[PDB]
Amino acid sequence: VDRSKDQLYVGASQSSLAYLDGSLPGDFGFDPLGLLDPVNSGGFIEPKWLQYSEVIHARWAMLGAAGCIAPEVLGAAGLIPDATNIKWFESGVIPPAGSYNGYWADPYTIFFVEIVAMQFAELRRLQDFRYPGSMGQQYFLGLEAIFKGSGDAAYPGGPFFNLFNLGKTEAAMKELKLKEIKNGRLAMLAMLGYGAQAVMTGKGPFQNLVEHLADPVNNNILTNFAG
Amino acid sequence: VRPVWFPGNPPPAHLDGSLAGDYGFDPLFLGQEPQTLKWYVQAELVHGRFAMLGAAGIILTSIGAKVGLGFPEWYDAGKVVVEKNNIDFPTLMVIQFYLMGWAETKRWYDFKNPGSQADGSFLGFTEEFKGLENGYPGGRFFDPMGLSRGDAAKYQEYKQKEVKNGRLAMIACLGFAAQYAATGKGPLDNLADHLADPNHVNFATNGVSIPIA
Amino acid sequence: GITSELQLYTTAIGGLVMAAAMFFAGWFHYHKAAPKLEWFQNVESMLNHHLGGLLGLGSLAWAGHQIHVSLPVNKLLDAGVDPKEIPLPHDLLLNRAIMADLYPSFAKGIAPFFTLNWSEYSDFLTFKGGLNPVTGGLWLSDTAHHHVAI
Amino acid sequence: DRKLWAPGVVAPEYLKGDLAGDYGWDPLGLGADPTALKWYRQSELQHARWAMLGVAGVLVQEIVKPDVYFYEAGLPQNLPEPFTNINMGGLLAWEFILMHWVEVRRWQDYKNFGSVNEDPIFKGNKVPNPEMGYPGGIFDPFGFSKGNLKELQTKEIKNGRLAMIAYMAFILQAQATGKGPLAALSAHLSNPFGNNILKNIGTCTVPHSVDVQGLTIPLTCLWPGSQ
Amino acid sequence: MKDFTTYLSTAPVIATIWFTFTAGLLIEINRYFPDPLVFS
Amino acid sequence: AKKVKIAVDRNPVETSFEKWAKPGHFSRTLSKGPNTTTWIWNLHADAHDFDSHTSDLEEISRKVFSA
Ligand code: CHL
Ligand code: CHL
Ligand code: CLA
Ligand code: CLA
Ligand code: CLA
Ligand code: CLA
Ligand code: CLA
Ligand SMILES: CC(/C=C/C=C(C)/C=C/[C@@]12O[C@]1(C)C[C@@H](O)CC2(C)C)=C\C=C\C=C(C)\C=C\C=C(C)\C=C\[C@@]12O[C@]1(C)C[C@@H](O)CC2(C)C
């Protein structure tokens with residue numbers, strides 16, 4: 001996967017150029033396994049679902065990448081009490097790695113609210129993919145006015161999801177989508193970096209960066225194989 | 001058009017909204033056959049109506065227990081009533097099935113042959129057992145106030161109210177059983193505990209509902 | 001390395017979930033997304049995945065279990081430790097200190113693997129042969145090196 | 001042509017400047033139903049008018065009686081000498097009876113506009129009630145309604161909206177810092193950097209519960225602050 | 001549902017239910033009246 | 001040089017209990033129903049003989065994969 005920008009990436013192949021025509025955001029021709037070929041597609045391996053899933057992964061990853069390091073950066077700057085300067089994997093998500101006592105409820109009590117809240121958010125989002133525009137019809141406390149969608153599942157738009165109606169022009173919107181995808185793809189790799197770095201070193205993402213800057217040669221992946 | 005249990009999913013063909021409380025919820029297509037749907041429509045109402053009596057009775061007696069009037073919990077009333085009043089349980093059970101058997105057999109053969117119980121055979125009563133709809137007896141015995149014989153628009157509104165309070169009562173009666181099994185305390189004993197510390201006293205912390213907790 | 005009926009119980013529940021997944025897959029790949037004939041005739045592709053993917057990764061994955069779960073647990077069981085007092089498999093995985101006590105090679109991490117000092121792992125990747133005198137079965141350290149080689 | 005809440009944002013169709021203080025702001029689209037918009041407009045007036053009295057009461061009460069600490073002013077023992085330790089049960093009885101009458105009259109006006117203008121006891125008395133929520137008449141003895149009524153409505157709602165925000169600032173500041181609005185303002189001036197939200201946000205100074213003449217009343221902060 | 005109830009009416013399904021019922025009745029009788037040899 | 005790729009057909013068959021109530025549907029010979037007891041044995045003997053139900057290799061492969 002060619003880093004940076006370019007017309008085509010390293011893995012671009014003549015076979016993938018058949019259907020990759022630049023219509024999708026961040027379409028750099030990289031599809032060595034040819035999972036986006038329209039011909040004889042079905043199930044979840046089809047262009048509409050795979051492109052939709054990438055954006056959803058991009059947006060969750062962007063929140064995760066910024067949220068898995070902010071407590072360490074803010075804690076390092078003294079803007080939050082040291083009691084909350086906690087590594088992302090020691091928040092309580094993985095109790096064996098570490099858990100934080102001091103939340104207003106037991107982490108399982110909080111999880112049930114997460115289940116119910118995400119059931120509504122995710123199943124309503126799904127129903128717009130299966131039946132476009134269907135969430136703007138049945139009464140939902142008057143909120144159905146903002147759930148009418150825009151025909152494209154990954155980009156609902158509307159009064160809320162496009163609060164400040166940025167990208168009014170077609171050219172402007174394409175650039176914003178490209179910027180969203182590149183930041184999202186970068187964050188997805190960052191999250192994978194957090195997970196791999198946590199296992200290899202056992203420290204937070206911020207600690208690894210600080211140590212690397214201290215002695216870059218003596219602190220890197222190669223030296224962390226043994227300690 | 002009309003709201004459904006799963007927004008965005010078209011309602012089933014066999015559920016057209018004519019029935020009360022119809023939200024097009026039949027994922028297993030149990031009532032696809034029209035004649036079987038009549039049987040279940042009445043089964044739901046009988047289940048719902050009993051649950052409403054059960055829930056109201058359990059709630060009221062629980063309030064009596066908390067206030068200290070001496071009522072036993074719903075899960076101990078049966079033993080207390082029999083012993084305190086010196087009642088032979090097998091005799092009381094038999095009496096119940098004679099009265100329920102007679103009353104409920106009449107409802108059974110009105111479903112099979114509607115209007116058959118209003119032929120004057122039973123003590124000469126010829127109009128109190130005719131029946132209005134499936135599951136809605138009507139008449140001046142089951143509906144003495146004639147709220148089903150007055151305004152037609154409001155009577156349809158009540159049918160909506162009856163089924164939804166019935167479904168809510170049915171869920172509540174399942175809550176009473178599940179809560180007692182998990183906690184071993186009365187209904188309002190659980191409510192008092194939750195109000196004390198809602199964050200730290202609920203099903204996620206009882207040590208039973210979520211074993212991995 | 002199974003030491004409690006809870007561990008047996010969880011596998012049974014996982015077995016039923018897999019059974020449900022298998023029946024869903026059969027329904028899905030016949031009634032919903034059925035592969036075409038040209039798909040079934042990629043014999044070269046099928047062998048590649050079944051050799052390196054099914055047998056290959058399956059053997060490597062099981063070697064991971066033996067190196068991290070079976071070997072430590074059975075080393076203590078043979079020593080006479082009460083089963084209830086043996087460390088749980090996840091404690092062995094999270095605490096490299098415990099593993100170092102049983103097998104000192106773990107004190108060096110995975111650096112020997114990448115530096116080709118594979119002889120460092122001689123303590124748990126053995127070539128003894130024969131039968132374990134205490135239990136009368138093959139050495140599990142021999143079995144781990146078998147599945148790593150395979 | 002009116003200015004909107006944000007630059008270059010399209011106002012909703014149903015918001016066309018008819019109502020006062022209309023910036024075309026409705027991200028949740030709660031005004032889509034015309035009947036719902038009327039009801040929400042009334043509640044905005046109620047919150048706006050009650051909030052303005054609330055802000056004025058807190059500020060004026062602080063100046064006249066600095067030590068009362070309005071947050072605790074509800075306790076019977078803190079009442080003025082004539083009403084000190086009054087039976088709260090009887091005190092509530094007056095409010096329920098009097099407010100139930102007044103509010104049902106206002107409610108019936110919304111249900112059937114113009115029905116409840118006339119006095120029930122003394123025949124002949126009436127209020128103009130030019131618009132719903134603006135009874136006028138006896139409610140406007142000085143006759144400011146005459147003239148540019150539209151401008152006055154704009155002034156009322158804009159000040160009222162500011163009061164709503166301002167009052168909830170008083171509540172959160174009292175919960176976090178334990179001081180009234182003016183007292184907190186003085187504290188910030190003394191030590192602008194040491195004493196600010198960055199430090200006080202983590203503490204909730206409200207006791208778990210209070211005993212009012214033998215009746216236990218639960219209390220809470222608006223966030224899970226460190227008690 | 002009509003077709004599904006038709007499937008349950010097929011000979012193998014009926015026999016399984018019928019013998020499951022018949023066997024259960026005999027098993028239960030011998031659970032409450034163990035070792036019956038003479039009518040008595 | 002036919003490329004190696006995923007290839008499927010969408011909704012090839014409908015999920016219904018209709019054919020569960022029509023024994024022998026898979027075979028032309030047995031679809032007419034029984035006249036002698038020999039039909040019953042023929043139903044179970046030929047149930048999984050996919051290659052004889054249809055001459056289409058694709059249909060045969062799909063049944064094998066799901067079976
Ligand atoms: C605008 C109205 C209003 C506001 C904003 C406050 C605000 C406050 N009062 Mg005050 N009061 C108000 C009106 C009144 N208070 C009192 C009497 C008291 C007392 C005696 C006390 C307070 C206290 C408090 C605090 C409560 C903190 C809390 O979490 O309470 C909310 C807690 C709740 C349990 C209620 C939350 C829900 C909602 C507000 C009530 C809704 C009730 C329904 C109408 C009930 C309907 C029942 C159904 C079955 C029909 C806070 C500073 C306490 C204080 O100073 O603490 C330091 C205190 O001790 N107030 C009276 C009687 C004259 C009021 C009459 O209108
Ligand atoms: C051949 C016999 C015969 C049989 C098997 C039945 C069977 C039945 N008849 Mg009956 N009938 C029979 C002959 C006749 N019936 C009728 C006329 C009717 C009518 C009109 C009705 C029945 C009904 C019924 C059913 C009642 C079900 C139930 O739970 O009852 C429970 C039984 C009782 C509650 C009564 C018996 C209680 C107990 C054994 C005796 C107690 C006596 C004491 C004095 C009690 C005192 C207590 C006080 C002091 C507190 C049942 C299927 C009813 C039905 O379901 O119709 C759809 C019904 O409405 N029958 C006539 C007259 C023409 C008959 C003539 O031979
Ligand atoms: C013999 C096994 C088998 C085979 C050969 C296939 C083959 C196929 N399946 Mg099917 N499938 C199977 C089992 C199988 N499936 C099972 C058991 C299920 C139920 C869970 C499904 C559910 C399923 C769905 C829902 C879909 C397919 C699809 C496909 C097609 C594309 C598959 C692909 O590219 O995957 C590549 C794999 C991925 C993209 C996912 C990788 C990660 C998965 C989720 C987990 C893998 C776990 C791994 C093996 C072990 C990890 C160990 C450890 C780290 C925990 C292809 C015809 C798709 C289709 O029809 O396309 C046209 C499709 O939509 N399958
Ligand atoms: C996917 C996103 C995500 C998730 C799941 C988490 C999860 C977590 N974060 Mg992280 N975080 C994220 C993104 C995320 N974060 C991002 C993007 C940032 C950078 C901005 C941060 C910055 C951050 C910090 C600095 C801290 C955390 C912490 C936490 C933990 C505690 C959460 C908590 O107490 O919330 C509290 C809950 C809420 C904020 C939601 C309130 C919900 C109520 C009902 C709203 C009511 C609204 C009201 C009525 C009206 C509006 C009022 C308003 C105008 C004032 C938890 C593990 C804390 C931690 O690790 O503690 C040990 C911690 O200190 N996160
Ligand atoms: C409820 C879901 C469902 C439904 C309604 C259908 C419906 C249909 N399927 Mg599909 N199918 C499903 C699930 C379903 N399928 C699943 C889960 C799979 C994966 C295995 C398949 C795989 C599949 C294939 C491969 C084929 C069908 C076919 C059919 C058609 C006829 C099936 C028939 O006659 O079955 C009646 C058959 C049975 C009731 C036998 C059940 C056998 C199962 C596996 C249980 C085995 C138990 C075992 C013997 C226990 C030991 C016995 C011992 C103790 C004595 C029909 C359109 C056929 C078709 O379309 O032909 C044109 C066809 O070829 N289906
Ligand atoms: C498939 C088999 C397998 C597996 C799974 C493991 C696994 C492990 N081995 Mg073992 N090992 C194996 C085979 C295996 N081994 C074999 C064959 C040998 C013989 C050569 C060894 C020899 C060996 C030694 C000598 C040691 C280990 C160790 C380890 C542990 C740490 C490895 C490490 O440093 O990773 C470094 C980093 C990674 C593996 C990358 C992790 C990537 C993560 C999962 C990405 C997550 C991303 C995701 C998006 C983030 C979550 C987000 C979400 C929460 C929202 C680990 C549990 C070490 C240990 O601790 O032992 C107790 C150790 O010292 N192994
Ligand atoms: C993503 C945001 C986030 C999240 C989820 C948390 C979560 C938590 N914080 Mg932290 N905190 C944050 C950001 C966050 N904080 C920031 C930015 C600051 C600096 C103002 C602080 C300062 C702070 C303190 C001083 C304390 C906590 C504590 C807590 C715990 C809850 C109890 C409490 O009193 O919280 C109070 C915290 C808040 C109300 C912050 C809400 C932040 C929102 C959700 C994000 C938007 C803020 C916005 C940019 C405005 C900032 C201020 C403004 C003047 C510029 C919990 C672990 C407590 C703790 O450590 O308990 C052991 C505690 O005492 N936090
Ligand atoms: C009524 C009110 C306050 C009343 C206070 C009173 C009577 C106080 C009385 C006393 O204090 C005294 C004087 C003295 C003390 O000793 C005693 C008490 C008794 C304590 C505040 C309302 C306060 C109300 C507030 C803050 C409301 C804010 C609403 C917002 C921002 C809504 C925004 C949007 O809904 C829109 C408009 C459109 C959508 O599309 C988008 C979103 C974003 C959803």
# chains A, B, ... in the order shown; residues from 1 in each chain; ligands from 1
>>> interface_residues(of="chain E", to="chain F", cutoff="9 Å", atoms="only C-alpha atoms", output="ChimeraX atom specification")
/E:1-10
>>> closest_atom_pairs(of="chain D", to="ligand 1", cutoff="9 Å", atoms="only C-alpha atoms and all ligand atoms", output="Markdown table")
| residue | atom | partner | partner_atom_place_in_ligand_line | distance |
| --- | --- | --- | --- | --- |
| D:50 | CA | ligand 1 | 1 (C) | 7.9 |
| D:51 | CA | ligand 1 | 1 (C) | 8.5 |
| D:54 | CA | ligand 1 | 1 (C) | 7.6 |
| D:70 | CA | ligand 1 | 52 (C) | 7.1 |
| D:71 | CA | ligand 1 | 52 (C) | 4.1 |
| D:72 | CA | ligand 1 | 55 (O) | 3.6 |
| D:73 | CA | ligand 1 | 55 (O) | 5.8 |
| D:74 | CA | ligand 1 | 18 (C) | 4.0 |
| D:75 | CA | ligand 1 | 20 (C) | 4.5 |
| D:76 | CA | ligand 1 | 20 (C) | 6.2 |
| D:88 | CA | ligand 1 | 63 (C) | 6.6 |
| D:89 | CA | ligand 1 | 62 (C) | 8.4 |
| D:91 | CA | ligand 1 | 63 (C) | 6.1 |
| D:92 | CA | ligand 1 | 63 (C) | 5.5 |
| D:95 | CA | ligand 1 | 66 (O) | 7.1 |
| D:96 | CA | ligand 1 | 66 (O) | 8.7 |
| D:171 | CA | ligand 1 | 52 (C) | 7.5 |
| D:174 | CA | ligand 1 | 52 (C) | 8.9 |
| D:206 | CA | ligand 1 | 57 (C) | 6.6 |
| D:207 | CA | ligand 1 | 57 (C) | 7.2 |
| D:209 | CA | ligand 1 | 56 (O) | 7.7 |
| D:210 | CA | ligand 1 | 59 (O) | 5.6 |
| D:211 | CA | ligand 1 | 59 (O) | 7.1 |
| D:212 | CA | ligand 1 | 20 (C) | 5.8 |
| D:213 | CA | ligand 1 | 20 (C) | 8.7 |
| D:216 | CA | ligand 1 | 59 (O) | 8.7 |
| D:217 | CA | ligand 1 | 34 (C) | 5.9 |
| D:218 | CA | ligand 1 | 34 (C) | 4.9 |
| D:219 | CA | ligand 1 | 29 (O) | 4.0 |
| D:220 | CA | ligand 1 | 29 (O) | 4.6 |
| D:221 | CA | ligand 1 | 29 (O) | 6.6 |
| D:222 | CA | ligand 1 | 29 (O) | 8.3 |
>>> residues_near_ligand(ligand="ligand 5", cutoff="10 Å", atoms="only C-alpha atoms and all ligand atoms", output="ChimeraX atom specification")
/C:20-31 /E:3-4,7-8,13 /F:12-27,47-48,50,53-54,59-67
>>> residues_near_ligand(ligand="ligand 2", cutoff="6 Å", atoms="only C-alpha atoms and all ligand atoms", output="number ranges by chain")
B: 98-99, 101-102, 105-106, 109, 121-122
>>> write_last_selection(atoms="N, CA and C atoms", output="compact mmCIF listing (two decimals), in the first residue's frame")
# COMPACT_ATOMS: atom_id res chain seq x y z
N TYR B 98 -64.66 -27.05 38.79
CA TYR B 98 -66.08 -27.12 38.45
C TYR B 98 -66.58 -25.77 37.95
N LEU B 99 -66.25 -24.70 38.68
CA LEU B 99 -66.72 -23.37 38.29
C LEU B 99 -66.00 -22.89 37.04
N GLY B 101 -64.50 -24.88 34.89
CA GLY B 101 -64.85 -25.80 33.81
C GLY B 101 -66.17 -25.45 33.17
N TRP B 102 -67.18 -25.11 33.98
CA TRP B 102 -68.47 -24.73 33.42
C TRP B 102 -68.36 -23.42 32.65
N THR B 105 -65.95 -23.87 29.55
CA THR B 105 -66.49 -24.72 28.49
C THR B 105 -67.50 -23.94 27.65
N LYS B 106 -68.30 -23.10 28.29
CA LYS B 106 -69.25 -22.27 27.55
C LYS B 106 -68.53 -21.35 26.58
N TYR B 109 -67.36 -23.50 23.42
CA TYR B 109 -68.32 -23.85 22.39
C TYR B 109 -69.03 -22.64 21.79
N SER B 121 -80.89 -22.43 26.67
CA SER B 121 -80.70 -23.71 27.35
C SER B 121 -80.29 -23.51 28.80
N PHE B 122 -79.45 -22.51 29.06
CA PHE B 122 -78.87 -22.30 30.39
C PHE B 122 -79.78 -21.39 31.19
>>> residues_near_ligand(ligand="ligand 8", cutoff="10 Å", atoms="only C-alpha atoms and all ligand atoms", output="number ranges by chain")
A: 143, 146, 159-160; D: 24-31, 40-41, 43-62, 68-75, 78-79, 160-171
>>> closest_residue(among="D:208, D:215, D:145, D:112", to="chain B", atoms="only C-alpha atoms")
D:208
>>> residues_near_ligand(ligand="ligand 7", cutoff="7 Å", atoms="only C-alpha atoms and all ligand atoms", output="ChimeraX atom specification")
/A:79-81,83-84,102-103 /D:197-203,223-226
>>> interface_residues(of="chain A", to="chain C", cutoff="10 Å", atoms="only C-alpha atoms", output="PyMOL selection string")
chain A and resi 40-44+96-97+199-200+222-227
>>> write_last_selection(atoms="N, CA and C atoms", output="mmCIF file, in the first residue's frame")
data_model
loop_
_atom_site.group_PDB
_atom_site.id
_atom_site.type_symbol
_atom_site.label_atom_id
_atom_site.label_comp_id
_atom_site.auth_asym_id
_atom_site.auth_seq_id
_atom_site.Cartn_x
_atom_site.Cartn_y
_atom_site.Cartn_z
ATOM 1 N N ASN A 40 -20.787 -11.041 -10.463
ATOM 2 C CA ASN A 40 -21.082 -12.220 -9.653
ATOM 3 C C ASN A 40 -20.802 -11.960 -8.177
ATOM 4 N N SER A 41 -21.129 -10.758 -7.724
ATOM 5 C CA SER A 41 -21.010 -10.413 -6.319
ATOM 6 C C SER A 41 -22.293 -10.778 -5.584
ATOM 7 N N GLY A 42 -22.179 -10.913 -4.270
ATOM 8 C CA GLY A 42 -23.327 -11.276 -3.463
ATOM 9 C C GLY A 42 -22.949 -11.299 -2.001
ATOM 10 N N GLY A 43 -23.943 -11.600 -1.173
ATOM 11 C CA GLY A 43 -23.702 -11.627 0.256
ATOM 12 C C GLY A 43 -23.224 -10.279 0.747
ATOM 13 N N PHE A 44 -22.276 -10.305 1.684
ATOM 14 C CA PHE A 44 -21.660 -9.076 2.163
ATOM 15 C C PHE A 44 -20.502 -8.615 1.291
ATOM 16 N N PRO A 96 -8.819 -8.014 33.135
ATOM 17 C CA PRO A 96 -7.553 -8.697 33.453
ATOM 18 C C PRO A 96 -6.334 -7.814 33.260
ATOM 19 N N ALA A 97 -6.332 -6.972 32.225
ATOM 20 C CA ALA A 97 -5.225 -6.045 32.028
ATOM 21 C C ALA A 97 -5.238 -4.934 33.067
ATOM 22 N N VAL A 199 0.628 -4.999 23.481
ATOM 23 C CA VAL A 199 1.073 -6.355 23.780
ATOM 24 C C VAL A 199 2.593 -6.417 23.834
ATOM 25 N N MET A 200 3.260 -5.823 22.842
ATOM 26 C CA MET A 200 4.712 -5.944 22.749
ATOM 27 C C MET A 200 5.406 -5.281 23.933
ATOM 28 N N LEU A 222 12.478 -3.613 17.177
ATOM 29 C CA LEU A 222 13.508 -4.646 17.204
ATOM 30 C C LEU A 222 14.017 -4.888 18.620
ATOM 31 N N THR A 223 14.249 -3.820 19.382
ATOM 32 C CA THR A 223 14.772 -3.976 20.733
ATOM 33 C C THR A 223 13.724 -4.465 21.723
ATOM 34 N N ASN A 224 12.437 -4.325 21.405
ATOM 35 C CA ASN A 224 11.385 -4.732 22.327
ATOM 36 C C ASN A 224 11.091 -6.223 22.281
ATOM 37 N N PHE A 225 11.673 -6.963 21.334
ATOM 38 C CA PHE A 225 11.485 -8.409 21.324
ATOM 39 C C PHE A 225 11.937 -9.023 22.642
ATOM 40 N N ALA A 226 12.993 -8.474 23.240
ATOM 41 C CA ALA A 226 13.490 -8.920 24.533
ATOM 42 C C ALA A 226 13.715 -7.718 25.436
ATOM 43 N N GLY A 227 13.570 -7.943 26.737
ATOM 44 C CA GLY A 227 13.770 -6.897 27.722
ATOM 45 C C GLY A 227 14.573 -7.376 28.916
#
>>> residues_around(residues="residue 3 of chain F", least_positions_apart="6", cutoff="12 Å", atoms="only C-alpha atoms", output="PyMOL selection string")
(chain A and resi 15-16+32-34+37) or (chain C and resi 38-39+41-42+44-45)
>>> residues_around(residues="residue 8 of chain A", least_positions_apart="2", cutoff="12 Å", atoms="only C-alpha atoms", output="ChimeraX atom specification")
/A:1-6,10-14,16-17,20-22,26-31
>>> closest_residue(among="A:155, A:147, A:140, A:131", to="chain B", atoms="only C-alpha atoms")
A:131
>>> residues_around(residues="residue 58 of chain C", least_positions_apart="6", cutoff="10 Å", atoms="only C-alpha atoms", output="ChimeraX atom specification")
/C:50-52,64,147,150
>>> atom_distance(atom1="atom 12 (C, counted along the ligand's line) of ligand 3", atom2="atom CA of residue 17 of chain C")
13.2 Å
>>> atom_distance(atom1="atom CA of residue 17 of chain D", atom2="atom CA of residue 156 of chain D")
15.8 Å
>>> residues_around(residues="residue 154 of chain D", least_positions_apart="3", cutoff="6 Å", atoms="only C-alpha atoms", output="number ranges by chain")
D: 20-21, 151, 157
